Structure formats: C-alpha cells, structure tokens
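Worksheet: one structure, shown below.
Rule-based calculations on the coordinates, nothing more; no lab input. All Cβ positions, even for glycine, are placed from backbone atoms using ideal geometry, and neighbour counts span all protein chains on display.
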Amino acid sequence: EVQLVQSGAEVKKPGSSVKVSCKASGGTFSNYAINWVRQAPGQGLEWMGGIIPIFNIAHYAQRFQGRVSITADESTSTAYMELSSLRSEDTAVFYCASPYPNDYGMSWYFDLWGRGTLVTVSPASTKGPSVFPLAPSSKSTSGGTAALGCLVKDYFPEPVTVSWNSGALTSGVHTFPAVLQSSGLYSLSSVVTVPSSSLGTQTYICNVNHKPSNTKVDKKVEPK
Amino acid sequence: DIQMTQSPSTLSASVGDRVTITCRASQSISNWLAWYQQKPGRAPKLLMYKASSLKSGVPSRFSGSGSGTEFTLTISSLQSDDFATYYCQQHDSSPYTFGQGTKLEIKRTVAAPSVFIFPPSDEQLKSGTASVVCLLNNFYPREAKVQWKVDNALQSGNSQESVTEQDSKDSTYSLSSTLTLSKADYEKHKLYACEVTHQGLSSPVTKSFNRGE
Ligand SMILES: OC[C@H]1O[C@@](CO)(O[C@H]2O[C@H](CO)[C@@H](O)[C@H](O)[C@H]2O)[C@@H](O)[C@@H]1O
Ligand SMILES: OC[C@H]1O[C@@](CO)(O[C@H]2O[C@H](CO)[C@@H](O)[C@H](O)[C@H]2O)[C@@H](O)[C@@H]1O
Ligand SMILES: OC[C@H]1O[C@@](CO)(O[C@H]2O[C@H](CO)[C@@H](O)[C@H](O)[C@H]2O)[C@@H](O)[C@@H]1O
Ligand SMILES: OC[C@H]1O[C@@](CO)(O[C@H]2O[C@H](CO)[C@@H](O)[C@H](O)[C@H]2O)[C@@H](O)[C@@H]1O
C-alpha cells in the first residue's frame with residue numbers, strides 16, 4: 001500500500017496553468033521527498049523540483065523558478081506541482097518520484113515513481129480526423145511489393161486507433177507515432193506493404209477510431 | 001550545477017552479451033549515483049543507487065561501479081527484458097541532474113530501407129492543404145536522413161518525421177516523413193522527391209513523382 005498516485009492526463013491551452021497531484025498515503029508522509037521529473041516527447045528526464053511534506057522544505061530547478069510551485073497537503077497526504085503560463089514547449093509527461101519512506105538517512109534518488117501524468121499544451125479543442133489515402137503506384141511498388149496507407153490528419157486529442165480490413169490485415173502494418181503539428185492538432189500515418197499483384201483483386205480499407213470525438217472512418221485505399 | 005555525461009548514446013547488443021554503460025560527473029559526487037531503466041511509454045525504474053547498491057528485486061546480472069566522477073553500469077548476460085533506455089542521476093546535491101541516457105537496442109545486420117513516396121490525394125487538396133509522404137520501411141540501423149526536393153530545390157522547415165520502435169520480429173525500424181505545403185505551392189511545381197541517405201545505401205536513393213503524373 002505504499003505507492004505514488006498521480007492525477008489523470010490533461011489538455012491545456014497556451015497561457016493556462018496546470019496542477020498535478022501525487023498522493024502518497026502509505027507510511028509517514030513526512031518521510032517522503034516528493035520530487036517532480038519531467039520528460040518531454042523524445043527528451044531525457046528533467047528534475048523540476050521537490051518537497052519534503054509537513055516540514056514543507058522545497059527545492060526548485062532554476063529553469064522553472066517563477067513558473068512552478070510545488071506544495072504538500074498533510075490532511076490528504078497529497079503533494080502538488082503547479083506549472084503556470086503554459087507554452088507548447090511545456091508539453092510532456094510529469095512524474096512524481098521519491099525515496100522510499102523511511103520509518104522512525106534521506107537520500108534523493110527515486111525508489112518510487114508515479115505512473116506519470118501527460119500534459120498536452122495545444123490551442124486546439126476536440127476534433128475528429130480527416131482520413132486521406134496514401135495510394136500505391138509506380139513509385140510505390142518496390143519490385144513485387146507495394147506500399148499503401150492512410151494519413152489520419154488533424155485530430156485532437158490522442159489517441160486514435162487504426163486497423164486494416166477490420167483487423168483481418170495485421171502483417172506488414174506499421175502505424176507510426178502521432179506528431180503534434182504546428183497547428184496543435186495531431187497527425188499520423190498507418191502503412192502496410194502487400195504484394196503488388198493483389199492491388200487489382202484485394203480491397204484495402206483502414207478503420208480509424210477517435211473516441212474523444214466519437215468519430216469512426218473507413219477509407220478504402222486504391223491505386224490512383 | 002553538476003553535469004552528467006553518459007556514453008554511448010546508443011548501444012547495440014545481443015541476448016547473452018556482457019555490456020557496460022558509462023556516466024561521468026563534471027565534479028566529484030562521491031558514490032552518490034543512481035541508475036534507472038525506462039521502457040517506452042513507461043515510468044523509470046530504479047536499478048542501482050549509491051553507485052553500486054542493487055535495488056531489491058533487480059536481477060543479479062546488474063551491477064554498478066564507481067566513485068568520484070567515473071561510474072559504470074554493467075549487465076553480465078543481457079536478456080530480452082534488458083533492451084530499453086538507461087539513465088544515470090547524481091543524488092549528491094540539487095539541482096538533481098540526469099545523464100542524457102543510453103538506449104540499449106538489439107543488434108542485427110545492416111538493412112537498407114525500402115523507400116516509397118505518396119503524392120497528396122485529390123481529396124485533401126480540396127481542403128487547401130497538401131501532404132506529401134515518404135516512407136522508409138524496415139531498415140537498420142535507425143539513423144537515417146530524408147531530404148525533400150521540389151523541382152530539384154531542397155526543402156527545409158516544412159517536414160516532420162516519425163519513427164517506429166524496433167520491430168519485435170525483424171529488429172528493424174520504419175520511418176515516415178511528411179512534407180506539408182499549401183495547395184497553391186503544391187500546384188506550382190512538378191517534381192516532388194524525397195532523397196534518403198542511410199548506411200545500407202552506397203549512394204542516396206531518390207523516389208519521386210511529377211504532380212498529376
Ligand atoms: O519556497 C519559496 C521560495 O522559493 C522561490 C524560489 O527559490 O520561489 C518558488 O516558490 C514559490 C512558492 O511556491 C513559486 O511561486 C515560485 O514559482 C517558485 O520558484 C522563492 O522566490 C520563494 O521565497
Ligand atoms: O512549497 C510549499 C512550501 O513553501 C513554503 C516556504 O518554504 O511557502 C512558499 O510556498 C507557498 C505555496 O505557493 C506560498 O504561499 C508562500 O508564500 C511561499 O513562501 C511553505 O510554507 C510551504 O509549505
Ligand atoms: O545520498 C547522498 C546525499 O544525500 C544527503 C541528503 O540529500 O544525505 C543523506 O544520505 C547520506 C548517504 O546515504 C546519509 O549520510 C544522510 O544521513 C542522509 O540524509 C546528502 O547530504 C548527500 O550528499
Ligand atoms: O533542467 C535543465 C537540466 O536538465 C538536464 C538533465 O538533468 O537536461 C534535461 O532537460 C533538458 C531541457 O528540457 C532536455 O533537453 C534534456 O533531455 C533533459 O534530460 C540537464 O542537462 C540540464 O542542465
């Protein structure tokens with residue numbers, strides 16, 4: 001029963017603020033050192049700051065001073081990290097972590113880790129994707145193999161699922177990680193390589209599902 | 001602050017291999033170094049602290065060494081569960097700093113990417129924007145360079161790429177690059193091409209098409 005429980009993922013408009021919680025109800029709250037470690041997409045781990053509950057002793061990383069406030073509430077055995085004036089660059093997964101709670105020295109390495117809280121900063125609001133075909137052709141037929149796919153563009157937020165022929169085609173399928181575009185909307189492609197000899201006899205359809213906007217789309221992909 | 005330097009940035013090995021990762025501190029930190037393992041989409045896991053103290057539950061094959069400014073993490077006989085990214089962190093004083101990590105991947109033979117180029121669909125053009133997509137499929141190693149050219153002129157700033165995680169079956173990688181242009185720019189040029197540079201290619205491979213075929 002000694003775990004760090006974090007609040008759920010969030011979507012924030014630029015300029016807003018977010019407050020992530022981390023509850024540690026096990027053992028004595030004052031023996032934790034609740035630290036917050038950030039990890040932006042594709043980046044390494046970055047220490048933001050931390051606090052020793054009850055004693056309420058805080059330490060902050062220089063880069064976040066002024067923009068972040070880390071606190072702790074003894075009544076609820078919960079610690080918080082509030083990041084304000086959010087920007088696109090702020091998008092990242094925030095982890096709380098702490099040395100295991102001693103029971104009555106305190107070293108600052110992290111025995112315990114929360115599962116992470118994703119904070120996405122975007123000017124956009126919920127929106128279903130548009131699905132365009134990535135059609136096979138001459139420059140899309142390497143030898144006897146052809147590649148085709150679906151461009152799942154401009155949707156928000158994550159995630160979106162993609163299947164081929166309602167799950168009947170999984171071999172040779174590659175669904176890439178979504179990329180947040182300059183517009184604050186996500187985009188991703190799903191491709192599959194098949195025999196070029198099958199393009200005139202086999203039907204290829206990608207099934208896209210975006211629960212956030214209750215959108216479902218089935219796009220048949222055929223050579224141009 | 002204390003700057004932590006990890007090397008190599010990427011390590012390629014096979015099950016059964018004995019591997020070593022290093023981490024250097026810009027100044028002495030005694031034995032105050034910890035190591036973490038992290039797999040895609042998951043939170044880091046503590047493996048070692050105080051330089052060589054193995055975290056309860058962590059396999060014996062993991063061992064740490066060092067003090068002062070030089071430290072190492074060793075895996076005596078790599079197992080499939082060990083392929084992930086490792087980070088070192090000094091816990092001597094704040095600000096607490098991390099090394100930039102070492103990705104431990106599965107080694108396989110060099111494989112050139114099969115390249116395919118996709119013109120934007122006529123449907124998307126009606127939206128006022130055009131997306132040209134270039135696919136680099138099943139290659140190794142992961143390092144690759146994609147260069148977009150419009151009417152032989154090099155493109156810059158208008159493309160974004162995404163890469164898959166190493167394939168659990170063939171240990172390869174795949175990458176997609178997408179060039180975004182206004183419908184106006186797209187219908188202003190004829191030749192669209194993506195030039196790919198990779199260790200497995202003796203010279204760059206260029207795939208292209210002429211707008212409207
Ligand atoms: O802990 C208070 C102390 O910390 C400083 C920075 O060294 O400010 C930090 O704490 C504030 C209160 O939580 C935040 O508003 C601020 O962003 C954060 O850097 C000092 O200014 C303050 O005395
Ligand atoms: O980090 C919270 C913790 O910091 C203290 C000072 O050590 O107070 C600072 O943070 C508060 C929360 O934002 C501010 O109200 C206060 O002005 C600032 O000095 C502790 O009192 C508090 O527990
Ligand atoms: O972990 C080393 C580092 O931790 C500090 C506190 O941040 O001291 C703690 O760890 C020592 C080593 O295990 C103990 O002697 C001490 O009692 C404990 O508070 C730092 O002083 C030290 O650099
Ligand atoms: O906070 C800056 C400080 O953090 C380190 C790691 O300890 O680098 C991290 O932060 C950078 C800025 O967001 C990322 O580029 C990097 O991947 C991440 O590890 C230090 O190198 C740096 O001084």
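Global dimensions of the range A:120-224 from alpha-carbon coordinates: Rg and Dmax equal 14.4, 45 Å. Considering only Cα atoms, the convex hull volume of chain B works out to 164 Å³ per residue.
One way to sum up the overall shape of chain A is the equivalent ellipsoid from its Cα gyration tensor, whose semi-axes run 46, 18, 14 Å, largest first.
Largest GNM mean-square fluctuation among B:124, B:38, B:100, using chain B with Cα springs under 10 Å: B:124. Each of B:47, B:119, B:27 was scored by the projection of its Cα onto the charge dipole of chain B, and the greatest displacement toward the positive side belongs to B:47; charges sit on the C-beta of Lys, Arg, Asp and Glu. Principal semi-axes of the equivalent ellipsoid, √(5λ) from the alpha carbon gyration tensor of the range B:125-185, are 27, 13, 8 Å from largest down. Applying both filters, DSSP loop and at most 15 other Cβ atoms within 10 Å, to the GluC sites (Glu not before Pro) of the range A:1-85 gives A:1, A:74. Listed by Cβ neighbour count within 10 Å, with the fewest neighbours leading, A:16, B:176, B:131, B:159 appear as A:16, B:159, B:131, B:176. With kT/(6 pi eta Rh) evaluated at 10 °C and eta = 1.306 mPa s, and Rh the Kirkwood radius from Cα pairs, the range B:1-102 diffuses with a coefficient of 118 µm²/s according to Stokes-Einstein.
From helices alone, the protein assembly as shown scores -500 deg cm²/dmol at 222 nm; the rule is -39500 (n - 2.57) for each run of n ≥ 4 DSSP H residues, then divide by the residue total.
The alpha-carbon atoms of the protein assembly as shown define a convex hull whose volume equals 166 cubic angstrom per residue. Size of the range B:43-98 from its Cα atoms: along the principal axes, largest to smallest, the extents are 34, 24, 19 Å.
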